[PDB]
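Shown next: coords-v1.pdb, given as PDB, C-alpha atoms and all ligand atoms.
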```pdb
ATOM      1  CA  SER Z   2       4.853   0.780 -20.277
ATOM      2  CA  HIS Z   3       6.296  -2.674 -19.310
ATOM      3  CA  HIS Z   4       9.573  -4.023 -18.138
ATOM      4  CA  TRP Z   5      10.032  -2.008 -14.760
ATOM      5  CA  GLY Z   6      10.485  -4.174 -11.673
ATOM      6  CA  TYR Z   7      12.603  -4.500  -8.530
ATOM      7  CA  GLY Z   8      15.835  -6.111  -9.863
ATOM      8  CA  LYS Z   9      19.188  -4.391 -10.354
ATOM      9  CA  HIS Z  10      18.561  -3.810 -14.040
ATOM     10  CA  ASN Z  11      14.961  -2.480 -13.872
ATOM     11  CA  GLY Z  12      14.461  -1.417 -10.210
ATOM     12  CA  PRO Z  13      13.754   1.892  -8.494
ATOM     13  CA  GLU Z  14      17.049   3.532  -9.614
ATOM     14  CA  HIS Z  15      16.006   3.055 -13.279
ATOM     15  CA  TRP Z  16      12.322   4.063 -13.126
ATOM     16  CA  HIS Z  17      12.983   7.776 -13.803
ATOM     17  CA  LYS Z  18      14.051   7.078 -17.403
ATOM     18  CA  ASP Z  19      10.498   6.048 -18.394
ATOM     19  CA  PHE Z  20       8.680   7.849 -15.539
ATOM     20  CA  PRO Z  21      10.463  11.220 -15.046
ATOM     21  CA  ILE Z  22       8.015  12.112 -12.229
ATOM     22  CA  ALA Z  23      10.121   9.653 -10.162
ATOM     23  CA  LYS Z  24      12.270  12.754  -9.402
ATOM     24  CA  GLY Z  25       9.208  14.960  -8.682
ATOM     25  CA  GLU Z  26       8.207  17.211  -5.848
ATOM     26  CA  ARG Z  27       5.837  14.842  -3.937
ATOM     27  CA  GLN Z  28       7.113  11.279  -4.333
ATOM     28  CA  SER Z  29       6.438   8.369  -1.991
ATOM     29  CA  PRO Z  30       7.376   6.642   0.210
ATOM     30  CA  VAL Z  31       9.202   8.823   2.730
ATOM     31  CA  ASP Z  32      10.921   8.428   6.056
ATOM     32  CA  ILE Z  33       8.624   9.592   8.887
ATOM     33  CA  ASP Z  34      10.767  11.513  11.376
ATOM     34  CA  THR Z  35       8.550  11.237  14.422
ATOM     35  CA  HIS Z  36      10.215  14.111  16.265
ATOM     36  CA  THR Z  37       9.675  16.524  13.293
ATOM     37  CA  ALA Z  38       6.057  15.520  12.558
ATOM     38  CA  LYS Z  39       3.713  17.996  14.190
ATOM     39  CA  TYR Z  40       0.408  17.282  15.925
ATOM     40  CA  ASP Z  41      -2.379  18.969  13.928
ATOM     41  CA  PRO Z  42      -5.440  19.733  16.064
ATOM     42  CA  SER Z  43      -7.352  20.612  12.901
ATOM     43  CA  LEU Z  44      -7.387  17.001  11.727
ATOM     44  CA  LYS Z  45     -10.839  15.366  11.936
ATOM     45  CA  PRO Z  46     -11.358  11.905  13.389
ATOM     46  CA  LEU Z  47     -10.599   9.277  10.740
ATOM     47  CA  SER Z  48     -13.605   7.157   9.663
ATOM     48  CA  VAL Z  49     -12.950   3.683   8.240
ATOM     49  CA  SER Z  50     -16.300   2.230   7.165
ATOM     50  CA  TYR Z  51     -15.735  -1.264   5.801
ATOM     51  CA  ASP Z  52     -18.862  -3.113   7.109
ATOM     52  CA  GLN Z  53     -20.354  -3.525   3.599
ATOM     53  CA  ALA Z  54     -17.072  -4.169   1.785
ATOM     54  CA  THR Z  55     -17.501  -6.631  -1.081
ATOM     55  CA  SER Z  56     -14.305  -8.415  -2.044
ATOM     56  CA  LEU Z  57     -14.223 -10.130  -5.425
ATOM     57  CA  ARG Z  58     -10.906 -11.590  -6.522
ATOM     58  CA  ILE Z  59      -7.178 -11.910  -5.749
ATOM     59  CA  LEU Z  60      -4.673 -11.386  -8.575
ATOM     60  CA  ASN Z  61      -0.864 -11.889  -8.898
ATOM     61  CA  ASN Z  62       0.013  -8.946 -11.182
ATOM     62  CA  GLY Z  63       3.772  -9.637 -11.341
ATOM     63  CA  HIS Z  64       4.577  -6.870  -8.849
ATOM     64  CA  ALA Z  65       2.459  -7.843  -5.802
ATOM     65  CA  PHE Z  66      -0.965  -9.491  -5.264
ATOM     66  CA  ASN Z  67      -4.118  -7.344  -5.201
ATOM     67  CA  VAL Z  68      -7.336  -8.184  -3.356
ATOM     68  CA  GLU Z  69      -9.984  -6.379  -5.481
ATOM     69  CA  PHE Z  70     -13.294  -4.917  -4.296
ATOM     70  CA  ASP Z  71     -16.591  -3.995  -5.928
ATOM     71  CA  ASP Z  72     -16.362  -0.205  -6.067
ATOM     72  CA  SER Z  73     -19.538   0.360  -8.136
ATOM     73  CA  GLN Z  74     -21.246   1.863  -5.028
ATOM     74  CA  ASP Z  75     -20.154   3.384  -1.648
ATOM     75  CA  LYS Z  76     -19.754   0.038   0.064
ATOM     76  CA  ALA Z  77     -16.360   0.451   1.785
ATOM     77  CA  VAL Z  78     -15.175   4.009   2.242
ATOM     78  CA  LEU Z  79     -12.622   6.157   4.033
ATOM     79  CA  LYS Z  80     -13.556   9.636   5.254
ATOM     80  CA  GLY Z  81     -12.417  12.190   7.825
ATOM     81  CA  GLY Z  82      -8.895  12.900   8.976
ATOM     82  CA  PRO Z  83      -7.175  15.047   6.355
ATOM     83  CA  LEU Z  84      -9.711  14.079   3.703
ATOM     84  CA  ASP Z  85     -12.400  16.264   2.087
ATOM     85  CA  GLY Z  86     -15.295  14.084   1.017
ATOM     86  CA  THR Z  87     -15.521  10.308   0.442
ATOM     87  CA  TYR Z  88     -12.943   7.826  -0.842
ATOM     88  CA  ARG Z  89     -13.989   4.373  -2.051
ATOM     89  CA  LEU Z  90     -11.928   1.216  -1.486
ATOM     90  CA  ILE Z  91     -10.833  -0.413  -4.751
ATOM     91  CA  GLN Z  92      -8.004  -2.837  -3.759
ATOM     92  CA  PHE Z  93      -5.394  -3.685  -1.163
ATOM     93  CA  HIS Z  94      -1.937  -5.168  -1.557
ATOM     94  CA  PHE Z  95       1.365  -5.513   0.338
ATOM     95  CA  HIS Z  96       5.073  -4.844  -0.063
ATOM     96  CA  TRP Z  97       7.521  -7.138   1.727
ATOM     97  CA  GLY Z  98      11.112  -8.222   2.105
ATOM     98  CA  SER Z  99      13.369 -11.232   1.612
ATOM     99  CA  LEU Z 100      14.167 -11.004   5.377
ATOM    100  CA  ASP Z 101      12.218  -9.793   8.396
ATOM    101  CA  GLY Z 102      14.447  -6.697   8.742
ATOM    102  CA  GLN Z 103      13.213  -5.021   5.535
ATOM    103  CA  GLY Z 104      10.110  -4.824   3.352
ATOM    104  CA  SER Z 105       8.206  -1.674   4.253
ATOM    105  CA  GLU Z 106       8.133   1.349   1.926
ATOM    106  CA  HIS Z 107       7.621   4.019   4.551
ATOM    107  CA  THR Z 108      10.108   4.020   7.406
ATOM    108  CA  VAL Z 109       9.728   5.398  10.964
ATOM    109  CA  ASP Z 110      12.873   7.131  12.241
ATOM    110  CA  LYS Z 111      14.669   5.072   9.545
ATOM    111  CA  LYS Z 112      13.205   1.799  10.918
ATOM    112  CA  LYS Z 113      12.143  -0.678   8.201
ATOM    113  CA  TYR Z 114       9.236  -3.010   9.021
ATOM    114  CA  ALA Z 115       8.885  -6.559   7.595
ATOM    115  CA  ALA Z 116       6.041  -5.505   5.282
ATOM    116  CA  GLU Z 117       3.483  -2.760   4.592
ATOM    117  CA  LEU Z 118      -0.218  -3.064   3.698
ATOM    118  CA  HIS Z 119      -1.766  -0.488   1.306
ATOM    119  CA  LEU Z 120      -5.555  -0.053   1.234
ATOM    120  CA  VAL Z 121      -6.202   2.019  -1.928
ATOM    121  CA  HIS Z 122      -9.163   4.387  -2.250
ATOM    122  CA  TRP Z 123     -10.353   6.892  -4.899
ATOM    123  CA  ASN Z 124     -12.193  10.184  -4.411
ATOM    124  CA  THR Z 125     -15.789   9.714  -5.476
ATOM    125  CA  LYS Z 127     -16.085  13.324  -6.690
ATOM    126  CA  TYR Z 128     -14.117  12.190  -9.817
ATOM    127  CA  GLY Z 129     -16.487   9.382 -10.792
ATOM    128  CA  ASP Z 130     -13.998   6.533 -11.360
ATOM    129  CA  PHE Z 131     -10.431   5.522 -10.587
ATOM    130  CA  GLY Z 132      -9.065   6.468 -14.010
ATOM    131  CA  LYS Z 133     -10.191  10.067 -13.717
ATOM    132  CA  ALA Z 134      -9.193  10.208 -10.026
ATOM    133  CA  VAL Z 135      -5.548   9.526 -10.992
ATOM    134  CA  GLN Z 136      -5.528  12.745 -13.046
ATOM    135  CA  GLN Z 137      -6.164  14.804  -9.845
ATOM    136  CA  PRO Z 138      -3.819  15.938  -7.017
ATOM    137  CA  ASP Z 139      -6.424  14.776  -4.440
ATOM    138  CA  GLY Z 140      -7.642  11.753  -6.412
ATOM    139  CA  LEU Z 141      -6.497   8.938  -4.114
ATOM    140  CA  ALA Z 142      -6.113   8.117  -0.414
ATOM    141  CA  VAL Z 143      -3.901   5.180   0.620
ATOM    142  CA  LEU Z 144      -4.135   3.826   4.179
ATOM    143  CA  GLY Z 145      -0.756   2.289   5.041
ATOM    144  CA  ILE Z 146      -0.267  -0.208   7.853
ATOM    145  CA  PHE Z 147       3.051  -1.642   8.971
ATOM    146  CA  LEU Z 148       3.573  -5.386   9.626
ATOM    147  CA  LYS Z 149       6.010  -6.712  12.204
ATOM    148  CA  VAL Z 150       6.761 -10.419  12.824
ATOM    149  CA  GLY Z 151       5.467 -11.902  16.069
ATOM    150  CA  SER Z 152       2.074 -13.402  16.784
ATOM    151  CA  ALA Z 153      -0.182 -14.501  13.928
ATOM    152  CA  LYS Z 154      -2.844 -12.132  12.539
ATOM    153  CA  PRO Z 155      -6.013 -14.246  12.321
ATOM    154  CA  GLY Z 156      -7.668 -11.934   9.799
ATOM    155  CA  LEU Z 157      -4.693 -12.392   7.386
ATOM    156  CA  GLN Z 158      -4.860 -16.169   7.295
ATOM    157  CA  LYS Z 159      -7.506 -16.447   4.517
ATOM    158  CA  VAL Z 160      -5.207 -14.353   2.283
ATOM    159  CA  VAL Z 161      -2.169 -16.539   3.095
ATOM    160  CA  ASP Z 162      -4.100 -19.713   2.387
ATOM    161  CA  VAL Z 163      -5.050 -18.738  -1.193
ATOM    162  CA  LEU Z 164      -1.546 -17.744  -2.292
ATOM    163  CA  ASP Z 165      -0.725 -21.291  -3.437
ATOM    164  CA  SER Z 166      -3.363 -20.820  -6.155
ATOM    165  CA  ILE Z 167      -1.917 -17.558  -7.542
ATOM    166  CA  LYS Z 168       1.786 -18.378  -7.497
ATOM    167  CA  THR Z 169       2.701 -16.822 -10.820
ATOM    168  CA  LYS Z 170       2.040 -13.582 -12.712
ATOM    169  CA  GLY Z 171      -1.379 -13.420 -14.319
ATOM    170  CA  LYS Z 172      -3.084 -15.979 -12.072
ATOM    171  CA  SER Z 173      -6.238 -15.011 -10.149
ATOM    172  CA  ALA Z 174      -8.715 -16.712  -7.819
ATOM    173  CA  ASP Z 175     -12.153 -15.961  -6.410
ATOM    174  CA  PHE Z 176     -11.854 -14.080  -3.153
ATOM    175  CA  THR Z 177     -15.386 -13.222  -2.133
ATOM    176  CA  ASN Z 178     -16.634 -12.607   1.426
ATOM    177  CA  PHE Z 179     -13.326 -11.379   2.865
ATOM    178  CA  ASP Z 180     -13.568  -8.781   5.663
ATOM    179  CA  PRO Z 181     -10.641  -6.315   5.496
ATOM    180  CA  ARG Z 182     -11.445  -5.031   9.019
ATOM    181  CA  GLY Z 183      -9.411  -7.985  10.282
ATOM    182  CA  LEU Z 184      -6.218  -6.389   8.942
ATOM    183  CA  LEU Z 185      -6.415  -3.202  11.109
ATOM    184  CA  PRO Z 186      -4.611  -2.509  14.427
ATOM    185  CA  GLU Z 187      -6.551  -1.303  17.504
ATOM    186  CA  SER Z 188      -5.554   2.345  17.181
ATOM    187  CA  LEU Z 189      -6.300   4.675  14.267
ATOM    188  CA  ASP Z 190      -3.592   7.211  15.270
ATOM    189  CA  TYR Z 191      -1.787   8.225  12.075
ATOM    190  CA  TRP Z 192       0.673  10.403  10.189
ATOM    191  CA  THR Z 193      -0.374  12.092   6.916
ATOM    192  CA  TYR Z 194       1.352  13.842   4.013
ATOM    193  CA  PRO Z 195       0.789  14.474   0.253
ATOM    194  CA  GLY Z 196       2.581  11.961  -2.003
ATOM    195  CA  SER Z 197       2.434   9.609  -4.952
ATOM    196  CA  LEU Z 198       1.918   6.058  -6.106
ATOM    197  CA  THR Z 199       5.023   4.055  -5.072
ATOM    198  CA  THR Z 200       5.128   2.039  -8.330
ATOM    199  CA  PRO Z 201       5.175   3.250 -11.957
ATOM    200  CA  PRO Z 202       3.469   5.384 -13.132
ATOM    201  CA  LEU Z 203       4.344   7.134  -9.818
ATOM    202  CA  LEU Z 204       1.454   9.599 -10.195
ATOM    203  CA  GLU Z 205       1.232  12.454  -7.674
ATOM    204  CA  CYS Z 206      -2.366  11.940  -6.610
ATOM    205  CA  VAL Z 207      -2.194  10.412  -3.126
ATOM    206  CA  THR Z 208      -3.074  11.621   0.370
ATOM    207  CA  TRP Z 209      -1.073   9.149   2.473
ATOM    208  CA  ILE Z 210      -2.477   8.082   5.878
ATOM    209  CA  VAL Z 211       0.071   5.863   7.675
ATOM    210  CA  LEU Z 212      -1.038   4.235  10.926
ATOM    211  CA  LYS Z 213       1.328   4.464  13.884
ATOM    212  CA  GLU Z 214       0.478   1.075  15.348
ATOM    213  CA  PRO Z 215       1.829  -1.917  13.374
ATOM    214  CA  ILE Z 216      -0.051  -5.191  13.116
ATOM    215  CA  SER Z 217       1.734  -8.389  14.138
ATOM    216  CA  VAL Z 218       1.852 -11.302  11.685
ATOM    217  CA  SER Z 219       3.608 -14.652  12.220
ATOM    218  CA  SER Z 220       6.884 -15.710  10.593
ATOM    219  CA  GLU Z 221       4.922 -18.458   8.846
ATOM    220  CA  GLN Z 222       2.457 -15.947   7.347
ATOM    221  CA  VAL Z 223       5.180 -13.726   5.835
ATOM    222  CA  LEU Z 224       7.148 -16.768   4.649
ATOM    223  CA  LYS Z 225       4.169 -17.642   2.460
ATOM    224  CA  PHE Z 226       4.258 -14.183   0.819
ATOM    225  CA  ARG Z 227       7.898 -14.950  -0.094
ATOM    226  CA  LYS Z 228       6.918 -18.138  -2.004
ATOM    227  CA  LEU Z 229       5.051 -16.120  -4.661
ATOM    228  CA  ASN Z 230       6.705 -15.538  -8.031
ATOM    229  CA  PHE Z 231       7.339 -12.394 -10.104
ATOM    230  CA  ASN Z 232       7.485 -14.540 -13.243
ATOM    231  CA  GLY Z 233       4.737 -16.259 -15.193
ATOM    232  CA  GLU Z 234       4.045 -19.977 -15.353
ATOM    233  CA  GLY Z 235       6.712 -21.855 -17.305
ATOM    234  CA  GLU Z 236       9.308 -19.106 -16.886
ATOM    235  CA  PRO Z 237      12.425 -19.244 -14.693
ATOM    236  CA  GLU Z 238      11.485 -18.769 -11.071
ATOM    237  CA  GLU Z 239      12.128 -15.407  -9.494
ATOM    238  CA  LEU Z 240      10.761 -15.185  -5.956
ATOM    239  CA  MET Z 241       8.485 -12.216  -5.266
ATOM    240  CA  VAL Z 242      10.497 -10.585  -2.484
ATOM    241  CA  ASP Z 243      11.834  -7.064  -1.901
ATOM    242  CA  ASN Z 244       9.025  -5.450  -3.880
ATOM    243  CA  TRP Z 245       9.436  -2.109  -2.055
ATOM    244  CA  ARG Z 246      10.592   1.325  -3.191
ATOM    245  CA  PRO Z 247      13.043   3.046  -0.768
ATOM    246  CA  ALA Z 248      12.292   6.383   0.918
ATOM    247  CA  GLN Z 249      12.338   9.420  -1.372
ATOM    248  CA  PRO Z 250      13.304  13.062  -0.593
ATOM    249  CA  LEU Z 251      10.719  14.928   1.474
ATOM    250  CA  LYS Z 252      11.397  18.208  -0.353
ATOM    251  CA  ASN Z 253       8.809  20.904   0.462
ATOM    252  CA  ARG Z 254       6.504  18.796   2.626
ATOM    253  CA  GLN Z 255       5.417  18.515   6.237
ATOM    254  CA  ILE Z 256       4.189  15.327   7.857
ATOM    255  CA  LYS Z 257       1.278  15.893  10.260
ATOM    256  CA  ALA Z 258       0.366  13.703  13.234
ATOM    257  CA  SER Z 259      -3.186  13.024  14.426
ATOM    258  CA  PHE Z 260      -2.007  12.394  17.986
ATOM    259  CA  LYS Z 261      -0.256  14.406  20.703
TER
HETATM  260 CU    CU W 301       6.203  -0.074 -21.464
HETATM  261 CU    CU W 302       2.694  -4.488 -14.746
HETATM  262 ZN    ZN W 303       1.607  -0.193  -2.431
END
```
How does this structure look as structure tokens?
Ligand SMILES: [Cu+2]
Ligand SMILES: [Cu+2]
Ligand SMILES: [Zn+2]
Amino acid sequence: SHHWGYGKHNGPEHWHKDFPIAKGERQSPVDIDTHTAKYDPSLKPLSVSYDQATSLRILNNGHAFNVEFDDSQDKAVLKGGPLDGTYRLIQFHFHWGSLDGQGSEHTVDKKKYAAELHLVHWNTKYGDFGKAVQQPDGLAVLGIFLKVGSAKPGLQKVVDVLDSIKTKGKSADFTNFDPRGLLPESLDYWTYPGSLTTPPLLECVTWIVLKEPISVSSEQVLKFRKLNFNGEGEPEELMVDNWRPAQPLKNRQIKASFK
């Protein structure tokens, strides 16, 4: 299923016609009301183990750009916190705005950040990603907010390759990239059960959203905004505002790892 996007004629308000789960019981993103989130002393320490991460390639897929990892072994994994067992990193990507005052998917007391990073992991008990996305605990996505201020040195290698993947369907080698350079100092987080935030909107995700944003420079985010939704030789449509707004919380509680 093709043709969904972020424009007025195929954006988030239309997705439910082809993806009825868009109106489901555990859709993402959500607004994080920080005063209603409750500290959960049962949460375990989160473990982000990216030392042996093996990046492979960066791809413009027409919706965002994905940095892809070799997930054929436990090389980069997420464990602990709300999670049972081991989740393997498969890709990361971002969502961002046309302006610094919008771009994130999750919001914090209705505050929109300039962008949001998603590090996507699948539960190794299900053998591969495709089977993991048929399970209610198949995926874990680590979300990190971006605000505009000082430059993030560990983002710059990503920014510098974007020129080579301007249009949909372009890819480039992207080996030897260390995703640890994209994390904030603190691993304090909020967690809740949700979904993919793009079609097919599957309800498989344990969301882990870090409280501390990373700072990126205006120049870094401006380069995200030079990408294109369209393919080569087609009319240019800047890749901006590729975020889904907050969805109803319904019968969910957001838990905090910190007091
Ligand atoms: Cu289709
Ligand atoms: Cu697509
Ligand atoms: Zn995402």
Since I can't run it myself right now, could you work out what the PyMOL selection byres (((chain Z and resi 236-248) around 6) and not hetatm) selects here and report it as a PDB file with C-alpha atoms, in the coordinates of the input?
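So the final result, stored in expr.pdb, reads:
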```pdb
ATOM      1  CA  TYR Z   7      12.603  -4.500  -8.530  1.00  0.00           C
ATOM      2  CA  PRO Z  30       7.376   6.642   0.210  1.00  0.00           C
ATOM      3  CA  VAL Z  31       9.202   8.823   2.730  1.00  0.00           C
ATOM      4  CA  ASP Z  32      10.921   8.428   6.056  1.00  0.00           C
ATOM      5  CA  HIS Z  96       5.073  -4.844  -0.063  1.00  0.00           C
ATOM      6  CA  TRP Z  97       7.521  -7.138   1.727  1.00  0.00           C
ATOM      7  CA  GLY Z  98      11.112  -8.222   2.105  1.00  0.00           C
ATOM      8  CA  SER Z  99      13.369 -11.232   1.612  1.00  0.00           C
ATOM      9  CA  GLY Z 104      10.110  -4.824   3.352  1.00  0.00           C
ATOM     10  CA  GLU Z 106       8.133   1.349   1.926  1.00  0.00           C
ATOM     11  CA  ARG Z 227       7.898 -14.950  -0.094  1.00  0.00           C
ATOM     12  CA  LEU Z 229       5.051 -16.120  -4.661  1.00  0.00           C
ATOM     13  CA  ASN Z 230       6.705 -15.538  -8.031  1.00  0.00           C
ATOM     14  CA  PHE Z 231       7.339 -12.394 -10.104  1.00  0.00           C
ATOM     15  CA  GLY Z 233       4.737 -16.259 -15.193  1.00  0.00           C
ATOM     16  CA  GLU Z 234       4.045 -19.977 -15.353  1.00  0.00           C
ATOM     17  CA  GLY Z 235       6.712 -21.855 -17.305  1.00  0.00           C
ATOM     18  CA  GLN Z 249      12.338   9.420  -1.372  1.00  0.00           C
TER      19      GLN Z 249
END
```
List the residues selected by the PyMOL selection byres (((chain Z and resi 77) around 6) and not hetatm) in the file shown, writing them as number ranges by chain.
Z: 50-51, 53-54, 75-76, 78, 89-90
Which neighbours of residue Z:24 fall inside 12 Å, counting all atoms listed in the file, when residues of the same chain fewer than 3 positions from it are skipped, and could you give them as a VMD selection string?
chain Z and resid 13 to 21 27 to 29 197 203 to 205 249 to 252
Padding 3 Å on each side, edges along x, y and z: where is the centre of the box around the listed atoms of stretch 183-189 of chain Z, and how long are its edges in Å to one decimal? Output it as JSON.
```
{"center_x": -7.0, "center_y": -1.7, "center_z": 13.2, "size_x": 10.8, "size_y": 18.7, "size_z": 14.6}
```
Nearest to ligand ZN 303 (chain W), chosen from Z:125, Z:218, Z:170, Z:65, with all atoms listed in the file counted in the distances
Z:65
Counting all atoms listed in the file, what is within 9 Å of residue Z:112, bar same-chain residues fewer than 4 positions away, as a ChimeraX atom specification?
/Z:32,102-103,107-108
Step by step, measure atom-to-atom distances between ligand ZN 303 (chain W) and each residue using only C-alpha atoms and all ligand atoms, keep those at most 9 Å, then write them as number ranges by chain.
Z: 65, 93-96, 106, 117-121, 143, 145, 198-200, 245
Selected residues written out, C-alpha atoms, as a CSV table (one decimal), keeping the file's coordinate frame:
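Generated output (out-v8.csv):
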```
chain,number,residue,atom,x,y,z
Z,65,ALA,CA,2.5,-7.8,-5.8
Z,93,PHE,CA,-5.4,-3.7,-1.2
Z,94,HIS,CA,-1.9,-5.2,-1.6
Z,95,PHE,CA,1.4,-5.5,0.3
Z,96,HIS,CA,5.1,-4.8,-0.1
Z,106,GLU,CA,8.1,1.3,1.9
Z,117,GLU,CA,3.5,-2.8,4.6
Z,118,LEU,CA,-0.2,-3.1,3.7
Z,119,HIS,CA,-1.8,-0.5,1.3
Z,120,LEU,CA,-5.6,-0.1,1.2
Z,121,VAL,CA,-6.2,2.0,-1.9
Z,143,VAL,CA,-3.9,5.2,0.6
Z,145,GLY,CA,-0.8,2.3,5.0
Z,198,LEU,CA,1.9,6.1,-6.1
Z,199,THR,CA,5.0,4.1,-5.1
Z,200,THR,CA,5.1,2.0,-8.3
Z,245,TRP,CA,9.4,-2.1,-2.1
```
Could you write out as a PDB file with C-alpha atoms, in the frame of the given file the residues that the PyMOL selection byres (((chain Z and resi 150) around 7) and not hetatm) matches in the shown file?
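And here is the file that came out, part_25.pdb:
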```
ATOM      1  CA  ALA Z 115       8.885  -6.559   7.595  1.00  0.00           C
ATOM      2  CA  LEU Z 148       3.573  -5.386   9.626  1.00  0.00           C
ATOM      3  CA  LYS Z 149       6.010  -6.712  12.204  1.00  0.00           C
ATOM      4  CA  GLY Z 151       5.467 -11.902  16.069  1.00  0.00           C
ATOM      5  CA  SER Z 152       2.074 -13.402  16.784  1.00  0.00           C
ATOM      6  CA  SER Z 217       1.734  -8.389  14.138  1.00  0.00           C
ATOM      7  CA  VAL Z 218       1.852 -11.302  11.685  1.00  0.00           C
ATOM      8  CA  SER Z 219       3.608 -14.652  12.220  1.00  0.00           C
ATOM      9  CA  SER Z 220       6.884 -15.710  10.593  1.00  0.00           C
TER      10      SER Z 220
END
```
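Among the candidates Z:160, Z:10, Z:110, Z:61, the residue lying nearest to residue Z:37 is Z:110 (atoms considered: all atoms listed in the file).
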Using only C-alpha atoms and all ligand atoms, find each residue with an atom at most 10 Å away from ligand CU 301 (chain W) and format the answer as number ranges by chain.
Z: 2-5, 19
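Atom CA of residue Z:134 sits 14.9 Å away from atom CA of residue Z:209.
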